[PDB]
Every structure is written in C-alpha cells, then in structure tokens.
Amino acid sequence: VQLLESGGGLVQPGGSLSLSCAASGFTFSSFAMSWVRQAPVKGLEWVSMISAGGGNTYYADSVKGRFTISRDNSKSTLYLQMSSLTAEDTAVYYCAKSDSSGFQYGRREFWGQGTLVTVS
Amino acid sequence: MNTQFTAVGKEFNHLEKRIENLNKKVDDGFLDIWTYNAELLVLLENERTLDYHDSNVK
Amino acid sequence: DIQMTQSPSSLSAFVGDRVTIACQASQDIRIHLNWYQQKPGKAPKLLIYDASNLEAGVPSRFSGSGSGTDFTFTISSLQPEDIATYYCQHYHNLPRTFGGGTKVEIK
Amino acid sequence: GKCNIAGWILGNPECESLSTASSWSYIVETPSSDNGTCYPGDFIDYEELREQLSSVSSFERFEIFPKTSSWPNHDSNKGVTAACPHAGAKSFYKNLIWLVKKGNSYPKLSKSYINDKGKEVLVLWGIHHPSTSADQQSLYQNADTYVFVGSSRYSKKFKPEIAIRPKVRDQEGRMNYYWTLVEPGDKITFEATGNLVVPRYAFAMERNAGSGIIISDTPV
Amino acid sequence: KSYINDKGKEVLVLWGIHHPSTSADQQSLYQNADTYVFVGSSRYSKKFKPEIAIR
Ligand SMILES: *[C@@H]1O[C@H](CO)[C@@H](O[C@@H]2O[C@H](CO)[C@@H](O)[C@H](O)[C@H]2NC(C)=O)[C@H](O)[C@H]1NC(C)=O
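Protein chains in written order, with the deposited numbering: chain C, 2 to 52, 52A, 53 to 82, 82A to 82C, 83 to 100, 100A to 100E, 101 to 112; chain B, 59 to 116; chain D, 1 to 107; chain A, 62 to 83, 83A, 84 to 92, 92A, 93 to 125, 125A to 125C, 126 to 133, 133A, 134 to 262, 262A, 263 to 274; chain E, 166 to 220.
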C-alpha cells in the first residue's frame, strides 16, 4: 500500500512546523499509525504513535509533549505538529502503518519514504 | 430502592425455547410483584397522608 | 526501557560468503523482534518478524532465530544486492527501540 | 447500523465502513440489520459470542496470520464468492482467508499463534462444506480431508460434509463459523488437509460484565 | 428426495435413523456396508452416520 509524506524543510531554532502523511490502498481508520525518526547520529528511534480511533497516544520521552500527534480519518491523513525545535530534532521523519488498531498487539509495520527536517 | 447496574434483555435461539420462556416467566413474575406492590404502597401512603393532615388541624 | 545491543557495527564479506550478525536485549523479550534492511536512500524494509518469521517477498536466503535475550540474523550466502544497514528492533513493550545497526559491505 | 454482530466480526464486505471504538458500553443494531454470514452456514454459539461482546473495556484488531507471508504453500487469492460481493466483484470476509490448493496440491497446513501479551484473543475460523465432490477437487484436491483446531482448553477435529443442499444466495454448499478465546500465555493451533478458512485478523480484548444489546432505530 | 413448502404454514418433518445391532443386519436391510444419511434445509444441515454395535 502507499504512504506519502510531505512538509519538512528548514525551520529555525524554536518556531514550529507541521508534517503530514497521506495514506492510500488501505482503510486508514482500521490501523494505528506512527512516526519514526532517523538521525544522522542515532540510527533509529520512535517519536510518537496514535491509535486507529485517535483515542490513545504515546510519545517518546525525548519529546515530552513538545510534539503533538493527530489524525483526520476522513481524509486518510496523519499529522505531526512539532513546536520549539532544537538541534537534536534534525532528522528524517517517517510515517508507518502499524498492523493493529491498538499498538500493543501489532507486530510488524512499514514506512513510506520520509521527509527531512533541518533545524538551523 | 437501590438498583444494581443490570442488563435485562437476553437472547435465545431456535432450539432454546424452554429457556426463553423461563426468562419470560421471570420477567412477568417480577413485573406483577412490582406493579402490585407499587399500587398498594401508594394508596396506603395517600390514605395516611390525608389523615395526618386532618389530625394536625384538630 | 529495553535497549538493544547490536554487533558488529560493520561487517564485510565477499559474494558467496556466509554472513551473520547478533543482537541482544537487556531484558527477556520472548520473540518480539523485527529485523530491517535499510538500503541507502530508502526507508528500512522489514525482512523478519517474531524473531524468525520471514516477511513476504523476502528471498529465502534470509533467516533468523533466537529468543529471550539472544538473537541472530543471517543472510546466508551473500549476494551483491544485499548491501544495506541491517537493524534489530523490538516491540516487547513501549517505547519500541532499535539497536545501532550493522553496516554490511560487499567485496 | 445495518450490520449485525456476525457481519462486523467476520468482516462482511458491507461492514467495512463501520468505525472501531476501543471500548463499548453496549451494542446497538437496527431492526433492519441484515448483514453477516453472507456465505450461508451456521455460526456456532453465536448467542454466547454476542453476549460476551456486549461490553468491552478495551478492544483492538490485529493481523494474526498475515495474508501475504503466512501461507507460501497455499493460494490465498482465489478465495472469493458471489455470495459476498463487493462493489459487484466476487469477494470474501475481510477478517478471513479462504485458502485453496496451489497449483495441483494442498500440502498439510500447520500454524500457531502464541498469545503472550496479556489480553484474551478471539479467534474465528470456518469450515467449507462443498456441494459436491467436484468442488472438493476444484478447491482442495485432497478428497478426504480434516481440520483440527485447539488450545489448552479447546480441542476439536472437524470433517467436511459434502452434500447438495437447497440453494441459498446461489450456493449449494455451506460454511460454518467457529470461534474460541485464547487465554494469555496459551497458544492456538490450526492443522488442515483442506476445507479450512483461516483467520487473518483476530481481536484482543478485556471484557466487562453487565451489559447487553439494544435493537433500535433511535439515533445515537 | 425433496419437498417444497410453498403453502404458508410451517411444516414439521420427522425422520429417523436406524442403528443395527450388527454388520449382518446392515447386510440384511441395506446391503451397502458403509452408509450415510444427509438431511437439510436453508437452516438445517446435518450428516449422520450409523453406529453399529451390540447394545
Ligand atoms: C447486505 O444486506 C443487504 C440487505 O440489506 C443485501 O441485499 C439483498 O440481497 C438479496 C439477495 O440478492 C436481494 O433479494 C435483496 O433485494 C437485497 N436487498 C436490498 C435492500 O438491496 C446484501 O446482499 C448484503 N451484502 C453482503 C455482502 O452481505
């Protein structure tokens, strides 16, 4: 199936930026979705995840509420709003389809191609 | 009166008619008890409320 | 949190050679382990899930095993198309985490 | 809405548009509801399943046996029927896969799932009962098959009953639906030489006691 | 055999299955040594198989 990311680009320190992922080929509303970040230094880490119904979220403690994850099921679109950007937030961000509506029993997932966010 | 959280309806299939009828028996029995007691309780209390007031006037 | 340790950080072998890498959990994670293949310029592809269950479309030369804290990944006899960074990821509980990855070069 | 519980749980093609809530206080079906068991057959202990699902504190659907990677020796794409159409196409239940012989054989099937995460898992499957011996040859090849399913609590061998039955939704055969619950720490296994419809999706849950099902056109 | 109930009332249909004491009775009565019985409707579907035993 297909996941297409957009947004990203250059943001100054502080500020904010909205990232998004458009989904097709599957019922968006049937699966949990998540964001993963790939830094040039730290290979891979999770940023956030949201349940299929939008009822439950989890964030990395490297974020602690600095970023917000949300969904629009009608438009099959996943969003990540990042605020107060720092140097450590420079990374390629990726969206993924989670194999479960509830996080806990998902086993495998996959990513679309990501977008680069540079903080400078 | 203190009702517990409940669920009254029950579903039975094609070959469970005796149970469905048992469930009906239970609902009907409870209905007759509550209806009868509720009617008498109200009538009895009303008789006394009115006499109570008459007593106070005297 | 359960942080995975992956080793070696880099491996190099000639085509036809047998290649394996290892990964450890800090805690017993039963078999809740995914292996990914990241080719340069691409999002990582899942190759193996539940420690040893090969994913659809993945060549039969790829395999794996392990449980608890000690896991392994193999690509059997190495083909030139297999240059990638391979990653160890677990989903035992939250947060999900990744190891550092093993870069596999071919020559 | 228009679906009944069997439709929603099995994945009737017309129940796909329904949203999924992580918890339910009660279940509402309209009196006009008539979508489920689109391939004619019995749903075993249907009333008991309906009662168990009336109130759930936590619910999630996950793919238990992935469609594209779990059955390399079986055909997972030809499993469609005119009895469960989707936008005019032959189709099938979204949560089930009707496996058929690959090429000219149906190698013995063997699968398991270990429920080590802590919630109970509802697993559904079904059994195909072809109208005739020609269908058994068309779909499975093995002429005399069996299906075996079990857990630490559930154990049952099934055997297909081939017969010409009255035609319902254009089918002369039947497909029965069965289900069990896998308690945490246990595993469920499936074994078959044919006629098994396997789950691809399963539901993890934590149940509440004391609710029920309302049949009504009253709006939510 | 079949019967179509197109008249409007429900019809109660009864039948039964013979379970012979021995294989000699199966030969005396039916000849076919390994038999089955199948009955069904849009709602009912059941295959039966005789259980021969000395009771
Ligand atoms: C979903 O339910 C509808 C009924 O609400 C089914 O449509 C009926 O199908 C029969 C058999 O072809 C027709 O005789 C009726 O006239 C149809 N009713 C309506 C209102 O169109 C539909 O087939 C069901 N779909 C699935 C996949 O189960």
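We treat Cβ as the ideally placed atom computed from N, Cα and C, and that holds for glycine.
Asked	Found
Between the region 167 to 194 of chain A and chain E, which residues of the former have CB atoms less than 9 Å from a CB of the latter, in chain order?	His184
Below 8 Å between beta carbons is the criterion; list the residues of the region 97 to 115 of chain A that meet it against any residue of chain B, in chain order.	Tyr105, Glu106, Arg109, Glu110 and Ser113
With a cut-off of 8 Å, does the C-beta of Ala67/A fall near any C-beta of chain E?	no
Determine the chain D residues that contact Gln105/C at a beta-carbon separation under 9 Å, and present them in chain order.	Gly41, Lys42 and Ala43
May I ask whether a heavy atom of ligand 1 can be found less than 7 Å away from the beta carbon of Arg224/A?	yes
Who are the Cβ neighbours of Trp180/A in its own chain at under 8 Å, not counting the five residues just before and after it?	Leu151, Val204, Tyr232, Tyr233, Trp234, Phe245, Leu251, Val252, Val253 and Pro254
Is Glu110/A helix, strand or coil when you go by DSSP?	helix
Under the criterion of a Cβ to heavy atom distance below 7 Å, does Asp93/A qualify as lining ligand 1?	yes
From the DSSP secondary-structure annotation, give me the bridge partner or partners of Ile152/A.	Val253/A
Helix, strand or coil: how does DSSP classify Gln191/A here?	helix
Do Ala257/A and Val202/A come within 8 Å of each other at the CB atom, strictly closer than that value?	no
Please confirm whether any heavy atom of ligand 1 lies closer than 7 Å to the CB of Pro140/A.	yes
Look at the alpha carbon of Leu94/D and the alpha carbon of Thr57/C, and state the distance between them as a whole number of angstroms.	12 Å
Can you name the residues of chain D whose CB is closer than 9 Å to the CB of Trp47/C?	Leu94, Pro95, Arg96, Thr97 and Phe98
Say the cut is 7 Å; is the CB of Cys97/A nearer than that to a heavy atom of ligand 1?	yes
Alpha carbon to alpha carbon, how far is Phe63/B from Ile267/A?	15 Å
Does the distance between the C-beta of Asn65/A and the nearest non-hydrogen atom of ligand 1 fall short of 7 Å?	no
Identify, in the order they occur along the chain, each residue of the same chain with its Cβ nearer than 6 Å to the Cβ of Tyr91/D, setting aside the five sequence neighbours on each side.	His32
Please report how far the alpha carbon of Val237/A lies from the alpha carbon of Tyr168/E, in whole angstroms.	43 Å
When the Cα of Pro140/A is compared with those of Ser117/A, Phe124/A and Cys97/A, which residue comes out closest?	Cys97/A
Between which two residues does the alpha helix (DSSP H) holding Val84/B run?	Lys75 to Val115
Kindly examine ligand 1 and report whether one of its heavy atoms sits closer than 7 Å to the Cβ of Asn150/A.	no
Quick one: which chain A residues come within Cβ less than 8 Å of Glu69/B?	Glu106, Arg109, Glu110 and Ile267
Mind checking which residues open and close the beta strand (DSSP E) that includes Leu4/C?	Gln3 to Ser7
Which value, in whole angstroms, describes the spacing of the CA atoms of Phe14/D and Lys39/D?	18 Å
Runs of 3 residues minimum, wholly inside the region 199 to 261 of chain A: which ones carry the beta strand (DSSP E) assignment?	202 to 205, 210 to 213, 229 to 237, 242 to 247 and 251 to 254
In the region 215 to 231 of chain A, which residues sit with their C-beta less than 7 Å from some C-beta in chain E, listed in chain order?	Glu216, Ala218, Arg220, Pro221, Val223 and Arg229
If we count the other Cβ atoms within 10 Å of its Cβ and call it buried at 16 or more, is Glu89/A buried or exposed?	buried
What do you reckon, is the C-beta of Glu89/A under 7 Å from a heavy atom of ligand 2?	Questions concerning ligand 2 fall outside what the structure shown contains, since the ligands it does hold are ligand 1.
Contact check, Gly9/C vs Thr107/C under 8 Å by CB: the rounded distance?	3 Å
Do you know whose CA, among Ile87/A, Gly240/A and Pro74/A, lies nearest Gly264/A's CA?	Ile87/A
Does ligand 1 have a heavy atom nearer than 7 Å to the CB of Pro185/A?	no
Does any residue of chain B bring its CB to less than 8 Å from the CB of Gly264/A?	yes
Given this structure, state the Cα-to-Cα distance separating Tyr148/A from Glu107/A, to the nearest angstrom.	21 Å
How is the beta strand (DSSP E) around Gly57/D delimited, first residue to last?	Unbroken run through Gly57/D: none, as it is neither H nor E.
Quick one: which chain A residues come within Cβ less than 7 Å of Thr64/B?	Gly264
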